[PDB]
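Novice: Residue numbers (PDB author numbering), protein chains in the order written: chain A, 1 to 406; chain B, 1 to 90; chain C, 899 to 988; chain D, 2783 to 2903, 2916 to 3052. Ideal Cβ positions, reconstructed from N, Cα and C, are used throughout, including at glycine. Before we start, here is the structure in question, set down as structure tokens.
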Amino acid sequence: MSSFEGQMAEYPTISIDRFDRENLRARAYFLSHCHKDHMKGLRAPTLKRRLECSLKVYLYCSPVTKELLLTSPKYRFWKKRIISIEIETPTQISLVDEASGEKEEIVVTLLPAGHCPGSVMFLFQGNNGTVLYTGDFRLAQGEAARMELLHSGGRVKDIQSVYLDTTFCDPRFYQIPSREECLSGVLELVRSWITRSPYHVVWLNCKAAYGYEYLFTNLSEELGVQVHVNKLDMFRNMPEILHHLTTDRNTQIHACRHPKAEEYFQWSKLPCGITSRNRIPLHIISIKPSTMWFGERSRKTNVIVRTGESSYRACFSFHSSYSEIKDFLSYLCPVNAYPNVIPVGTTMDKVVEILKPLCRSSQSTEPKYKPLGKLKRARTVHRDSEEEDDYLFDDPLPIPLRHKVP
Amino acid sequence: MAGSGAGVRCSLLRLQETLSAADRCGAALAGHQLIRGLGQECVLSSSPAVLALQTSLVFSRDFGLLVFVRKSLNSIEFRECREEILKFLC
Amino acid sequence: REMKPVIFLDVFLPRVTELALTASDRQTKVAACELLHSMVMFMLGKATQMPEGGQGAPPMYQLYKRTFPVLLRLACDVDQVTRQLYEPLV
Amino acid sequence: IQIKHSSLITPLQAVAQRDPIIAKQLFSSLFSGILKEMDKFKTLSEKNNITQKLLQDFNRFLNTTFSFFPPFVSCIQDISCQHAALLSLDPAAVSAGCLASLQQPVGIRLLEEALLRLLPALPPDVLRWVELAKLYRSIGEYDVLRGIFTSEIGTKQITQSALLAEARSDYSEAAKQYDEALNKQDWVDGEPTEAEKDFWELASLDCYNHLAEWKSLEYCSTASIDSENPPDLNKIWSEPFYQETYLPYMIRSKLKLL
Ligand SMILES: [Mg+2]
Ligand SMILES: [Mg+2]
Ligand SMILES: [Zn+2]
């Protein structure tokens, strides 16, 4: 999910990954990647009506994001309003107002996120300092020190705020394995399965639309088989991905999707209508790459687990784990840090108190001096009546006199 | 507003001043944003002292939510605002 | 180049031994160990140098009595360099 | 044993860069050696000029400092102790440095060597005795304090009688004698010095503190800081001598009364 309101505190004139209610007054739109939770309001009728009444508002995103977005027929009205920006290329954006001729320049830099085709970061630099928006990123430990654009002369830049992805910001997802390990496990399993007979097929229950192209491409390169998907016209301008997918159902590896694909697999049938070739039945096994299932285990588990006679689960996460998030935020050391999404189990307060010790808040101060005036006793209640005998005791000490005047 | 020590109070003051911004849609959006902000702020509160302070501020008879809805009921532009107010009150 | 001021090294010996024994800093400890080795060599040279005048060699017994335990405890130190330096010396 | 001079000089200066005590000892030794070698190398006038420049630099060091690094101050004063030409340091600066760095013994040694060696060479000896008395009071040596006040500072018989009464824990008679001496006008022999009157004032403050006379104590701790009959308490923050002499007794008396 995306708990972001698509509006930074430093630059409220730009909205990122959210165009629902208050972002209709923004001067520039930014899109991290092409996931549905980061595209709320992008197809709204009010936004459609606003686009046809303005000329200076644009939608900035990665070129791969533009290719994936313009392929959908529902978003083709953005064809003349999308401006793609290369990664690691500092460009100047003009936040010109429509009504008044006022203008404001800001410098944005796109950084790779390693999440899905077209996923990038947004690094803004303007009058209110430097802010960073890492929407659904994935960085291993020790990789934050390798980003060239986040360093200024060998040291980390002065970052004011970080709107980081906190999908797995909880002690349950302590150290998620790298995607290479899950890839190797899935490759070994699929090889050992399909190497027996040409009728052994492997399903890949991939929930997200984008993010699993790495697995498909590497399985195709290591097995020579082409994965089956529903639609592949979206990758028509991406040769390195298009030549690994196929619409034909006569392939072994499959990654097709369907709302009722579970019952179909239970009936020994892929999501595609084909259930057998040449009237010879097919032997199907299901591999579901996910991460939330592994975050609920109670003992030592493996990357490739077997939950049934023809069912498997793989730990394939496109989100940074708790340790990776902590390492990234501690290396950046920003003034503030806001969670974009709250975990299902965790709440807002726990994520906030986890992220706070990592922020650059190393500034303490002694409490303000509370004055003490007008003492709480006016009259001397401890006064004596001065009745004595004056003979049992020695003479009183005479009052001293001091005439020195410096 | 200068009352930034307790963000709830300044949020309520800005929400009250919103009703005088010629009853426009942009004012409605700003008011809805302020309402959601003050709601998510009052929800995360856990200490009972600041909790009582916030529940006394939001139900005040000068800039509270009830007087805000009672005076904004004649304006159709603040439909989502009253809905979010009622949801936060629930 | 034009003078030779006389410096008495026995005023540094207690502090130098204390450092060589219990210095936390590695550079400070190794520097104190080298300085103590050089000072022990200087003590031997002074004790063996015979004044050609009527005065004999200065007695180093009061210095040996408190230097030898430090050298023994340094020659069996957990540190590799200190042990390899002070075992042949002992 | 056939080591080279470098094999001894390099580790020595290496340790000196990382240990302040070794650095303090090495600098003092080198300073004394170089000052001793120049006797057989220069003439009397050149040595006098060099020692005057050294004295000026040490006075500038002791006067311009805010951290009061104990090794640095102790090294400067120990170097000044070893040479009779550097014993003329500013006594006030030495005492302030020793009170700020908690190095009272080395300042006591410096002042005693200045009072001994420079004896044949306000008077400077009186100032040195006052600073030495303050340094001894700062460490709780009250017997030596009273000895100094009887032998060098005090010159009248009233001072001797008051100190004799104070030695027997008879603080009332001592305070009466001190008040009589402070209010006296007809001195047959001569007028008392300023140091003696300051000692009288401080000893009367001490006697009033011992007798738990809080009203007299608060009167005497503020009657000599301003000209107006109702004293302005903020005048204490003007003089560092005030901040050290009258502030503790005034605060104590006010707190006791409250
Ligand atoms: Mg998303
Ligand atoms: Mg994502
Ligand atoms: Zn299929």
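Using a C-beta cutoff of 7 Å, does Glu2828 of chain D count as contacting chain C?
Specialist: No, because no Cβ of chain C sits closer than 7 Å to the Cβ of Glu2828 of chain D.
Novice: Per DSSP, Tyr60 of chain A is paired with what?
Specialist: Answer is A:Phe30 and A:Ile83, bridged to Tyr60 of chain A.
Novice: Output, in chain order, the set of chain A residues within a Cβ distance shorter than 8 Å of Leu29 of chain B.
Specialist: In chain order: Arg21, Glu22, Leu24 and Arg25.
Novice: Comparing C-alpha positions only, which one of A:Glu366, A:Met348, A:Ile280 and A:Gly308 sits nearest to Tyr199 of chain A?
Specialist: For the residues A:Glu366, A:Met348, A:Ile280 and A:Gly308, the minimum Cα distance to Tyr199 of chain A belongs to A:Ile280.
Novice: If the cut-off is 9 Å on Cβ atoms, which residues from the region 329–353 of chain A count as contacting chain B, listed in chain order?
Specialist: Within the region 329–353 of chain A, the qualifying residues are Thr347, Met348, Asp349 and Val352.
Novice: Rounded to the nearest angstrom, what separates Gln175 of chain A and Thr166 of chain A at their Cα positions?
Specialist: Distance between the alpha carbons of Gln175 of chain A and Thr166 of chain A is about 14 Å.
Novice: Is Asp23 of chain B near ligand 2, with its Cβ less than 6 Å from a heavy atom?
Specialist: Not under cutoff, so the answer is no.
Novice: Determine whether the Cβ of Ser922 of chain C lies closer than 7 Å to any Cβ atom of chain D.
Specialist: Taking Cβ atoms only, chain D never reaches closer than 7 Å to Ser922 of chain C, which makes this a no.
Novice: Quick check on this structure: which residue in C:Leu961, C:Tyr959, C:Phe910 and C:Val928 has the alpha carbon closest to the alpha carbon of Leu983 of chain C?
Specialist: The shortest C-alpha separation from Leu983 of chain C is found at C:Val928.
Novice: Kindly say whether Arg379 of chain A, judged by its beta-carbon, lies nearer than 7 Å to any beta-carbon of chain D.
Specialist: Cβ-Cβ to chain D under 7 Å: no for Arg379 of chain A.
Novice: With 16 other CB atoms within 10 Å as the buried threshold, where does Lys404 of chain A fall?
Specialist: Exposed.
Novice: What residues come near ligand 3, if near means a beta carbon less than 5 Å from any of its heavy atoms?
Specialist: Output, sorted by chain position: A:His228, A:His254, A:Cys256, A:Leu270 and A:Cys272.
Novice: Does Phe19 of chain A pass the burial test, meaning 16 or more other C-beta atoms within 10 Å, or should it be called exposed?
Specialist: By the 10 Å Cβ count, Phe19 of chain A comes out buried.
Novice: Distance check for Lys3009 of chain D and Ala2989 of chain D, CA to CA, integer angstroms please.
Specialist: Rounded to the nearest angstrom, the two C-alpha atoms are 25 Å apart.
Novice: Have a look at the DSSP bridge pairing and note the partners of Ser290 of chain A.
Specialist: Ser290 of chain A is bridged to A:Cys315.
Novice: Verify whether the separation of the beta carbon atoms of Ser2 of chain A and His38 of chain A is less than 7 Å.
Specialist: Going by C-beta atoms, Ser2 of chain A is nearer than 7 Å to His38 of chain A.
Novice: Can you tell me where the beta strand (DSSP E) with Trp203 of chain A in it begins and where it stops?
Specialist: Per DSSP, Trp203 of chain A belongs to the beta strand (DSSP E) from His200 to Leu204.
Novice: Return the residue from the list A:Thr217, A:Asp233 and A:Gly224 that minimises the CA-CA distance to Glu240 of chain A.
Specialist: Taking only the C-alpha atoms, the option nearest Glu240 of chain A is A:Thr217.
Novice: Cα separation between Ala6 of chain B and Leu12 of chain B?
Specialist: In a straight line, the C-alpha of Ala6 of chain B is about 10 Å away from that of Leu12 of chain B.
Novice: When you compare the CB of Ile2791 of chain D with every CB in chain C, is at least one pair closer than 7 Å?
Specialist: False, the Cβ-Cβ gap to chain C never drops below 7 Å.
Novice: Quick one: what does DSSP say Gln2795 of chain D is sitting in, helix, strand or coil?
Specialist: Of the three classes helix, strand and coil, the one that applies to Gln2795 of chain D here is helix, per DSSP.
Novice: Check whether the Cβ of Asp37 of chain A lies closer than 6 Å to any heavy atom of ligand 1, and answer yes or no.
Specialist: Under cutoff, so the answer is yes.
Novice: Does DSSP put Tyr174 of chain A in a helix, a strand or coil?
Specialist: In the structure shown, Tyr174 of chain A sits in coil (DSSP, three-state: anything other than H, G, I, E or B).
Novice: Chain D partners of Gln925 of chain C, CB-CB under 9 Å?
Specialist: Chain D residues near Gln925 of chain C: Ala2796 and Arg2800.
Novice: Establish whether the CB of residue 1025 of chain C and some CB of chain D are separated by less than 7 Å.
Specialist: Within the shown structure, residues of chain C are numbered from 899 to 988, placing residue 1025 of chain C beyond reach of any answer.
Novice: Could you tell me whether the region 2983–2997 of chain D touches the region 2916–2925 of chain D, where touching means 3 or more Cβ pairs closer than 8 Å?
Specialist: The region 2983–2997 of chain D, when compared against the region 2916–2925 of chain D, does touch it at the 8 Å Cβ threshold.
Novice: Along the chain, where does the alpha helix (DSSP H) that runs through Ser161 of chain A open and close?
Specialist: Careful: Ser161 of chain A lies outside any alpha helix (DSSP H), inside the beta strand (DSSP E) at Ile159 to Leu164.
Novice: For the region 2872–2886 of chain D, which residues have a beta carbon sitting closer than 9 Å to at least one beta carbon of chain C?
Specialist: For the region 2872–2886 of chain D, which is checked against every Cβ of chain C, not one residue is closer than 9 Å.
Novice: Any heavy atom of ligand 1 closer than 6 Å to the Cβ of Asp136 of chain A?
Specialist: Because some heavy atom of ligand 1 lies under 6 Å away, the Cβ of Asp136 of chain A counts as near it: yes.
Novice: So with Cβ pairs under 7 Å, would you call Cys3001 of chain D a contact of chain A?
Specialist: For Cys3001 of chain D, the answer is no, since every Cβ of chain A falls outside 7 Å of its Cβ.
Novice: Is it buried or exposed, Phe59 of chain B, if we count other Cβ atoms within 10 angstroms and call 16 or more buried?
Specialist: Answer is exposed; the Cβ neighbour count stays below 16.
Novice: Mark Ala52 of chain B as exposed unless 16 or more other C-beta atoms lie within 10 angstroms of its C-beta, in which case mark it buried.
Specialist: Counting Cβ neighbours within 10 Å, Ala52 of chain B comes out exposed, since fewer than 16 surround it.
Novice: Which runs of the alpha helix (DSSP H) at least 4 residues long sit entirely within the region 186–274 of chain A? Give them in chain order.
Specialist: Listed in chain order, they are 213–223, 239–242 and 261–266.
Novice: Mapping DSSP to helix, strand and coil, what is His38 of chain A?
Specialist: Three-state DSSP puts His38 of chain A in a helix.
Novice: Excluding sequence positions up to five away, which residues of its chain have a Cβ less than 8 Å from the Cβ of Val2920 of chain D?
Specialist: These residues qualify, in order along the chain: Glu2946, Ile2947, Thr2987 and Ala2989.
Novice: When you compare the CB of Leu933 of chain C with every CB in chain D, is at least one pair closer than 7 Å?
Specialist: Closer than 7 Å: yes.
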